[PDB]
Amino acid sequence: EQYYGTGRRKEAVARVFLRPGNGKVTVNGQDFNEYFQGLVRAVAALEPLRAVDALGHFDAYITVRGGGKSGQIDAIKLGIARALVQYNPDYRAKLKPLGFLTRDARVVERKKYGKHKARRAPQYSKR
Amino acid sequence: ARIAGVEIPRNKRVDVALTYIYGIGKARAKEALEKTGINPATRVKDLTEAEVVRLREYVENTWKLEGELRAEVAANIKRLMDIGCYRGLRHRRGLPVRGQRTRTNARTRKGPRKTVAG
Amino acid sequence: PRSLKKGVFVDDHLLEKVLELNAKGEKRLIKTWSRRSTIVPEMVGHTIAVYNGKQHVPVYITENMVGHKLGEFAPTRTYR
Amino acid sequence: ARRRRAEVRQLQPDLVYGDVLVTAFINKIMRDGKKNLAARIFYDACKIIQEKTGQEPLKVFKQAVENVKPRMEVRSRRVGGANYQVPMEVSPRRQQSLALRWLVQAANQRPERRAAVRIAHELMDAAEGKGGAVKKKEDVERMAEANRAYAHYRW
Amino acid sequence: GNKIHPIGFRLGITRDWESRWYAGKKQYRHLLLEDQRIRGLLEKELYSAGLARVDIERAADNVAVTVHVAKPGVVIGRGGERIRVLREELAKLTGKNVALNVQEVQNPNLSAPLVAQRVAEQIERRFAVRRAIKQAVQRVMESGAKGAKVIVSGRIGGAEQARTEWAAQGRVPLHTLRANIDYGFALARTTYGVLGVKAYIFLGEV
Amino acid sequence: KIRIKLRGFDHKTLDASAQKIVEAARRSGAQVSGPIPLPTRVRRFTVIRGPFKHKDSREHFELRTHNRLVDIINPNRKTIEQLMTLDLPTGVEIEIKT
Amino acid sequence: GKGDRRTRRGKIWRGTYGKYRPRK
Amino acid sequence: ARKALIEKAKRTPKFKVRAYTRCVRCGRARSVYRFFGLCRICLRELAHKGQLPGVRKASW
RNA sequence: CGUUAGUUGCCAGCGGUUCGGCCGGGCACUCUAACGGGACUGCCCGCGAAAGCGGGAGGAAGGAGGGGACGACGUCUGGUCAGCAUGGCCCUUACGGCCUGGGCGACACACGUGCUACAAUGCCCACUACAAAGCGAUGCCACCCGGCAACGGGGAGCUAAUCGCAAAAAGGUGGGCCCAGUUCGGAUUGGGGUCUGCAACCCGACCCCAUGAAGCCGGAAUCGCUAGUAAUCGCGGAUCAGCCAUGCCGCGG
Ligand SMILES: [Mg+2]
Ligand SMILES: [Mg+2]
Ligand SMILES: [Mg+2]
Ligand SMILES: [Mg+2]
Ligand SMILES: [Mg+2]
Ligand SMILES: [Mg+2]
Ligand SMILES: [Mg+2]
Ligand SMILES: [Mg+2]
Ligand SMILES: [Mg+2]
Ligand SMILES: [Mg+2]
Ligand SMILES: [Mg+2]
Ligand SMILES: [Mg+2]
Ligand SMILES: [Mg+2]
Ligand SMILES: [Mg+2]
Ligand SMILES: [Mg+2]
Ligand SMILES: [Mg+2]
Ligand SMILES: [Mg+2]
Ligand SMILES: [Mg+2]
Ligand SMILES: [Mg+2]
Ligand SMILES: [Mg+2]
Ligand SMILES: [Mg+2]
Ligand SMILES: [Mg+2]
Ligand SMILES: [Mg+2]
Ligand SMILES: [Mg+2]
Ligand SMILES: [Mg+2]
Ligand SMILES: [Mg+2]
Ligand SMILES: [Mg+2]
Ligand SMILES: [Mg+2]
Ligand SMILES: [Mg+2]
Ligand SMILES: [Mg+2]
Ligand SMILES: [Mg+2]
Ligand SMILES: [Mg+2]
Ligand SMILES: [Mg+2]
Ligand SMILES: [Mg+2]
Ligand SMILES: [Mg+2]
Ligand SMILES: [Mg+2]
Ligand SMILES: [Mg+2]
Ligand SMILES: [Mg+2]
Ligand SMILES: [Mg+2]
Ligand SMILES: [Mg+2]
Ligand SMILES: [Mg+2]
Ligand SMILES: [Mg+2]
Ligand SMILES: [Mg+2]
Ligand SMILES: [Mg+2]
Ligand SMILES: [Mg+2]
Ligand SMILES: [Mg+2]
Ligand SMILES: [Mg+2]
Ligand SMILES: [Zn+2]
C-alpha cells in the first residue's frame, strides 16, 4: 500500500512516501523537476530506484525542509532507500554496497575563536 | 548623432550611449528615454532623426550639462576657495575633503606616492 | 552633502547677542567658543573671534559665507 | 604525509556518464564551490563536441586525456650545492591530475568567448595531438631526455 | 599563564552557584548588584567568624541568604544579639525585607577558602611559609581529603625576589572534572607587599 | 484556559518544579496536556581571557533559559487545592495567564 | 561589484535600502 | 579608574548622550557588558566564582 | 534509534474549505528538550609472545567517528601597577577637581592586517526557490499612505516555537551587455536631502543627481588550509542614541 523512510543530510529532512504508481514524483506540491532542473545533481536522489529498477513501480510524495537544496537531494536519496528497504527487507543486500542507506554525518565545522572560519588562520608577517 | 553640446555616441544602445554625455548617467538617460518615448534597446545608428531631435530638445535644456557643468563646479570650488573655508583649504593642498584619514591611502587625491628617506 | 533638515541650529549664546548688537549698530570683535552654530543672514558685516582650542581668530563674516558654520574659518590643525 | 600513505579520495561516479574521470574533471573546472555551474559548462561542451564532430563525447574526452598524460617529468634534488633537474617517471595517479589540470588551464588561455566553447575545442584539439594542453605535456617530456645525463639520481 | 579556575570549571557538575535565582533583561543587572553588596558586606563583618561561602537564593522578592561559617556562635552572638544588629542592617541597605540563615561547617580544615584564610593569617603574622603550608596540608590530609595542594605567591618571607611555594600531598587532578575539587583563595597584606594563597582540597569521586 | 509558563536557568529545577505540579492536578483534573518543553533562549558572551591583549585567547560562556508549558484542562478545586503554596524549588520562576 | 552602492548587490552588502534596492 | 570619573553614578548629565556604562565593580571605563553591568574582566572573575546564576562554560 | 511530552508538526488519515494547517481533529511524522540506548578490536580470517596491526561482515557510526571545553614541573626578570587590588616613592590652591573648546581623525613618507576589484565560470535587470543561529517592552515594527529614495506620518501584532527584524545570497528560469578603462571598477569631487543627537567645521552614518580615478591578476619575498577542510555566499550577535564594523565573535548555503 504505502511505505516510508526518513533520511537526513546536513541539517535537512525529507519525508519519502512511496506508493505503487505510474512513477511520477511530487515534492512540496511541486513536480520533481519544477523544484530541481537547473540543479544537475538532482537525479542522484532517485538512484535507489534505479539500483533495484523501481523506476516505474512507485509514485512518490515528498516533503522537504531544512538546509539547502543539495543536502535535500541527498536527504531524498536516503528516504527513498529507507522506504525501499521497508517494502522488501531483501533489498538491503542489494542497497548496502552502494551505501545509499548510509547517513552522511559531515556537518559544518563550528567556527573557532582566533581563526577566521574554524580552520583558516589570520596571516602574519614577522617583519 | 549629436545630442548635447558636441557629443557623438555611436553603434551601441542609446541608454548606454547617453552615459557618454557629461551631465548624463544611467539615471538621467533612463529618464530621457522615458519621457521622450524612445526604445532604450535601439542602436544609435538606427535612431530616427525625429527621435534624435526629440532627445536633443529634452536633454539640451533640462539640466545643465557638459560645458556649463564643468564651469559651474569649477566655479563652485573657487567660491569655497576664495572664502577662507576649511573645505577650500583641503582643495588648495590637494587633500581629501569629506573627512577621510590622511595618514595612509590618500593616493587618489594626493598625487600618488613620492617617497622620502628614513 | 550637509543636513540639519529643519530648525537650522544656532547656539543661543551669540544669537541673542548679535541681534541686540544689530539694534545698537555694528559692534567690534566678539568672543565665541560656540562653533557648533550655523551662520544666519544677520551676521554679515560683523567680526567674530572663533576658538581653535588655543587661540581666538577674528573672522570677517560676509554674504557668500552665510551657509556655513563657525569654525570652518577657524582651523584647528597646524602643519608646515 | 609523514605518517600514513594519504589514501586517495573516491569520487562519486558521474550523474550522466557514470564515469569517475568525468566527475573529477568537472571539479577541476569548478571555482569558488559552484559545481552546478561547472557541470553545466562541461555538459554543454559535450553538445558542442558531439555536433561539430560526429563522434561520442565520451570517447573523445578519454582520448583527449590520454594524449596529455606525460610519461616523464623532472624534479629538483639538492646535490653538492645548487640542485639539479632530475628526470623520473610519473606516477599513474599523477598523470591523472596533471593532464586534467593542463586541459582546464589550457582551455582558459584559449580565444573563445564562452567557457564550454573553449572546453570542447580544447578537447577536440587535444584529442587530435594539437592544442595547448598537449604542448605543456610535450614540453615536459622535453625536460626529460634532456637532463637525462642525471638519470643516475633517480631517488 | 595557564590552569584556568577550578570552580569556574566545575559550575556545571560537582559545583553549584553561590547565587541561584531567575531574572530578566531589566532585572538581572541590579539583582546581581544586590548579591555583590551582600557578599561584600558579610566579608567585612564576618571574617573573624570564619565564613566560607555565601549562598543567596530568591524566589520572588524574598532573599534566602545562607552563610556557612566555621564558628556559628560568633554569628549568632550571645542570645541572638549580633544576628539582630547586622540582620536589620541588611534590610536597611536593600529594602527587600530579607531574612537570614546560618549553617555550621564541620572540619573548617576541610573547606578550601578557610584553609587559605588560615595560611594568609599566619603570613600576615610572618611565620615560616613552607612549614605553615606543609602544616596546612596535614590538617587537611589528616581528615578524609584524598588530596590537597597549597600555593603561596611572591615575596616569600619578605624576599626582594618573588617566589612560589609548593607541597601538595595526595592527588589533586585538576584536568579531570569528576571528583569535586574544592578551591579557595586568600590575600595576605603585609609591609613588604601582597601575597596570594591558593588552596586545593580533593574529596570524593562521583 | 489556564496557562502556566515555567522558566529558569537550571533544567533540573524546572522538571523538579513541573512534575510536582502535574502530580497534584492529575489527582483532580482531566488528562493534562503534558510537560511540553519550549526551546531554549541561549545568550552567549565572548570575553578576552586576560586583560591587556592577547586578543586571540578569549573564552565564552552561555546562560540558557529553559521553558515549559503545563495547560491543565478543566481544573476546579482539588487541582487548585494542592496548588496554593506547596513547592520546594527556588531557581524556578512561574507565571499564570487566563 | 559589492563596492558600488547604487547597484543592488552593493546595497545588500552594506545592508541598506534605496531606489536601487527597495523593500517590497 | 579615578574616583572623580564615577561621576556617571550621580549623572544628572545635562545631556542624555553623556551617559556611559562604567562597570560598577571595578569602575571600568572601556568595555562594559550592559546585561551584567560588569566589565569583561569583572564578568570573567565573577563567572569563575559562580556568583552569576545560570552562567556556564560555553562548549559546543 | 527509543521512552516521556505535545497549541512548531499533518488530506501520512478522513471531514469541511473563503483551498491559507485555514477550521474540525490527531500525534504517527518533522520538530522542540529532558532521560536513556549505541562501539567494546566484542565477532571472523591472517600475522604476533603480548599489547597491537591488516582485512572482512553486521551497523547510522569503528580503531581517537567528527568538533569543543581541558594546557603538566617549569621557561622567557614575557604582559599589564592604565581594569582591579598593591609595597615603596613623589603631588598637594596643586599631577588633584569642574567646565567649554580642541586633540586622541594631524601627512612629504614606510610596514602590518583587511575590504573592494581588475571581469563573460562575469556584470546588470526582472522573476522565483531552499538555511541555521541569534536579538527585541518604548524595543522589534507587519500593514496602509507620502516620497525616486534614505525616511516621515498613521498604525496592527508581539511580555514572543505563536508577532516582528525577514529580504537569506550564491542558485534556478528569462532578458540585456559582446572583450571594450566598458553595462568591468566605485576612488575622488560638486550639488540636493533623511536620521540620531543640545550640537555633525574640525569629525557621523544613510539616500538621490552628476562626476567615474587607479587597477587588464601583481618584483624580490611571503601566508593560510589535509573534508564540510580550502575557496565562495549571505545571516545574526555583542559594545551602541548614532556610527566611520570592511573588525570581532558565532550561523548555516
Ligand atoms: Mg496506510
Ligand atoms: Mg556547528
Ligand atoms: Mg563556511
Ligand atoms: Mg601577531
Ligand atoms: Mg571616515
Ligand atoms: Mg622640510
Ligand atoms: Mg649549504
Ligand atoms: Mg615562610
Ligand atoms: Mg574534580
Ligand atoms: Mg581582540
Ligand atoms: Mg556597476
Ligand atoms: Mg586607583
Ligand atoms: Mg555613549
Ligand atoms: Mg527520535
Ligand atoms: Mg506544540
Ligand atoms: Mg504528508
Ligand atoms: Mg465534518
Ligand atoms: Mg467544516
Ligand atoms: Mg473553512
Ligand atoms: Mg481569502
Ligand atoms: Mg495551492
Ligand atoms: Mg493564504
Ligand atoms: Mg477553533
Ligand atoms: Mg474545539
Ligand atoms: Mg581492523
Ligand atoms: Mg571495518
Ligand atoms: Mg589505537
Ligand atoms: Mg573528541
Ligand atoms: Mg584530558
Ligand atoms: Mg621587563
Ligand atoms: Mg613577569
Ligand atoms: Mg587610535
Ligand atoms: Mg616638510
Ligand atoms: Mg592590502
Ligand atoms: Mg509607494
Ligand atoms: Mg508554543
Ligand atoms: Mg506556532
Ligand atoms: Mg508560548
Ligand atoms: Mg514580511
Ligand atoms: Mg542568462
Ligand atoms: Mg590606466
Ligand atoms: Mg562605468
Ligand atoms: Mg578587460
Ligand atoms: Mg591538522
Ligand atoms: Mg548596533
Ligand atoms: Mg532615540
Ligand atoms: Mg555584519
Ligand atoms: Zn569591572
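What counts as what
- Residues numbered from 1 in each chain as written, not as in the entry; some residues may be left out.
- Chains lettered and ligands numbered in written order.
- Part of a larger assembly, values for the part shown.
- Heavy atoms only, no water.
- Residues with missing side-chain atoms left out of burial classes, pairs and counts.
- UniProt positions renumbered as here; feature names shortened; annotations may be inferred.
- Near = heavy atom within 4 Å.
- Polar contact = N/O pair within 3.5 Å; in protein donor to acceptor, adjacent residues only side chain to side chain.
- Helix = DSSP H or I, 4+ residues; strand = E, 2+ residues; numbered from the N terminus.
- Nonpolar A, V, L, I, M, F, W, Y, C, P; charged D, E, K, R; others polar.
- Expected span 1.5 Å × (residues − 1).
- Buried < 20%, exposed > 50% of the residue type's maximum accessible area, 1.4 Å probe, protein only.
- Contact = heavy atoms within 4.5 Å.
- Axes fitted to C-alpha atoms, helices over the stretch in contact; angles between N-to-C directions.
- Parallel < 35°, antiparallel > 145°, perpendicular 65-115°, else oblique.
- Left-handed = near helix turned anticlockwise from the far one by under 90°.
- 1 Å grid on protein atoms, 1.4 Å probe; cavity = no way out; pocket = protein on both sides within 12 Å on 5 of 7 lines; lining within 4 Å.
- Points joined across faces, edges and corners; volume = space filled by probe spheres on them.

Method of structure determination, per the deposited record: X-ray crystallography was used for this entry, reaching 3.5000 Å resolution.

Identification of chain C as 30S ribosomal protein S19 from Thermus thermophilus is taken from the PDB entry. In its PDB record the entry is named "Serial Femtosecond X-ray Crystal Structure of 30S ribosomal subunit from Thermus thermophilus in complex with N1MS".

The name given to chain A in the PDB entry is 30S ribosomal protein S9, with the source organism recorded as Thermus thermophilus. UniProt's Function comment on chain A is quoted here verbatim: "Part of the top of the head of the 30S subunit. The C-terminal region penetrates the head emerging in the P-site where it contacts tRNA." Here chain A is described in UniProt, under the heading Sequence similarities, as follows: "Belongs to the universal ribosomal protein uS9 family."

**Details of the protein's contact with RNA strand I**
In the vicinity of RNA strand I, 204 residues are found, and the nearest of them are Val-97 of chain B, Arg-40 of chain D, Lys-26 of chain E together with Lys-2 and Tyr-20 of chain G. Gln-72 of chain A has a polar side-chain atom sitting 2.7 Å from a sugar or linking oxygen of RNA strand I. Here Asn-36 of chain D contributes a side-chain N or O atom positioned 2.6 Å from a phosphate oxygen of RNA strand I. A per-element tally of the surface near RNA strand I places strand β2 (residues 36-47) of chain F first, with ten residues. Considering only residue class, the surface near RNA strand I consists of 64 nonpolar, 51 polar and 89 charged.

**Overview of helix α5 (residues 115-127) of chain D**
Residues and elements named next belong to chain D. Here α5 is 13 residues long and its end C-alpha atoms lie 18 Å apart, about the 18 Å a rise of 1.5 Å per residue gives. Summarising burial for α5: eleven of the 13 residues are buried, a large majority. For α5, every residue scored as buried is listed here: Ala-116, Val-117, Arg-118, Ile-119, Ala-120, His-121, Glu-122, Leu-123, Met-124, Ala-126 and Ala-127. Lining the buried residues of α5 we find α1 (20-29), α2 (35-51), α3 (57-68), α4 (92-108) and α6 (132-143). Downstream of α5 by a residue or two, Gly-129 has a phi angle that is positive, lying close to 90 degrees.

**Details of the packing of α1 of chain D against α3 of chain D**
Residue and element names in this part refer to chain D. The contact between α1 and α3 brings their axes to 11 Å, and the two run at 70 degrees. Here α1 is positioned roughly perpendicular relative to α3, judged by the angle of their axes. α3 is crossed by α1, and the crossing has left-handed handedness. Contact with α1, carried on its side by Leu-21, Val-22 and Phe-25, involves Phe-61, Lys-62 and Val-65 of α3 and no other residues of that element. Each residue belonging to the contact of α1 with α3 can be placed in one class, and the counts come to five nonpolar, no polar and one charged.

**Some points on the packing of helix α2 (residues 28-45) of chain E against helix α4 (residues 82-93) of chain E**
All names here are of chain E. The geometry of α2 relative to α4 is characterised by a closest axis approach of 11 Å and an angle of 150 degrees between their N-to-C directions. Considered as vectors, α2 and α4 are oriented roughly antiparallel to each other. For the pair α2 and α4, the crossing hand works out as right-handed. Within the contact between the two elements, α2 uses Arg-37, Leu-41 and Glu-45 and α4 uses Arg-82, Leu-86, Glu-89 and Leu-93.

**Some points on the layout of surface pockets**
Of the pockets and cavities examined, the second largest pocket occupies roughly 1,800 Å³. As for the second largest pocket, its lining consists of 46 residues, of which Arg-41 of chain A together with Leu-11, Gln-12, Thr-23 and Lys-35 of chain D are closest to the centre. Split into classes, the residues belonging to the lining of the second largest pocket amount to 18 nonpolar, twelve polar and 16 charged.

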